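Just the one chain here, the form deposited without the named molecule, laid out as structure tokens.
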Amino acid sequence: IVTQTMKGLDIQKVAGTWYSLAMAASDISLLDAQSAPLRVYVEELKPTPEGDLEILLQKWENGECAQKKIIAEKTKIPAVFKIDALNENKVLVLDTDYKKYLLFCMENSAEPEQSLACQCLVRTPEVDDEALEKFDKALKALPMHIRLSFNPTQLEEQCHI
């Protein structure tokens, strides 16, 4: 029933290196194993000059960590983007201060219940409790059934090994 997104997003300011500190999903099977379909790790965000968002991420598959690129296409709403990966069609930026944290979700609009996966991204490979509080404040209105967080050493390893 309609997720709240960021109101005045400046997408050019989200550029650069990120670390997936925490993630959550509505379905446990989407995030449980390492090879789970939506267990992805954001390593970089590259906003294009035309207002789109190139998402550079890592995923475990066939018993090895692999690089992946998702082109998120801009929509009329600045915080909402369109994709065609991971069985998802939407990226929603919930909140960001640009210099510390970014919260975003991915969903499939056709079946929006069992496709929701949200992440807390940080700029440095450190546990940011203040960002985690804002993450968990945003997850409150969302029907999450699995939540994952990672330690500083895991944030630096390929695919959070």
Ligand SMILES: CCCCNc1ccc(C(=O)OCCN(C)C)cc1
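Take the two forms, find the largest set of C-alpha atoms that superpose within 1.5 Å, and that set is the rigid core. All residue numbers are counted from 1 along the displayed sequence.
- Among the other PDB entries of this protein that were compared and that flank it with modelled residues, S35 is modelled in all, so it is never left out in a third of them.
- Missing-residue comparison: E130 falls in the unmodelled set for none of the other PDB entries checked, so it is not missing from a third of them.
- The PDB entry reports B-factors from which the mean C-alpha value can be compared for 107-115 and 50-58; the larger average falls on 107-115.
- Look at the C-alpha B-factors of 139-147 and of 8-16. On average they run higher in 8-16.
- The deposited CA B-factor of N87 belongs to the highest third of values across its chain.
- In this PDB entry, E64 carries a Cα temperature factor that places it within the highest third of its chain's modelled residues.
- Residue-level temperature factors show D128 in the middle third of its chain, judged at the C-alpha atom.
- In the PDB entry, a CA B factor belonging to the middle third of its chain's modelled residues is recorded for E44.
- Placement of the Cα temperature factor of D27 within the chain: lowest third of the modelled residues, per the deposited record.
Heads up, the form solved in complex with the named molecule isn't pictured, but that's what we're talking about next.
- Put simply, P125 is far from the named molecule in the entry with it bound: not one heavy atom of it is within 4.5 Å.
- In the entry with it bound, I70, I83, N89, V91 are the residues of 69-91 with at least one heavy atom within 4.5 Å of the named molecule, listed from first to last.
- The two forms, fitted on the rigid core, differ between the shown form and the other one by less than 2 Å at the CA of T75.
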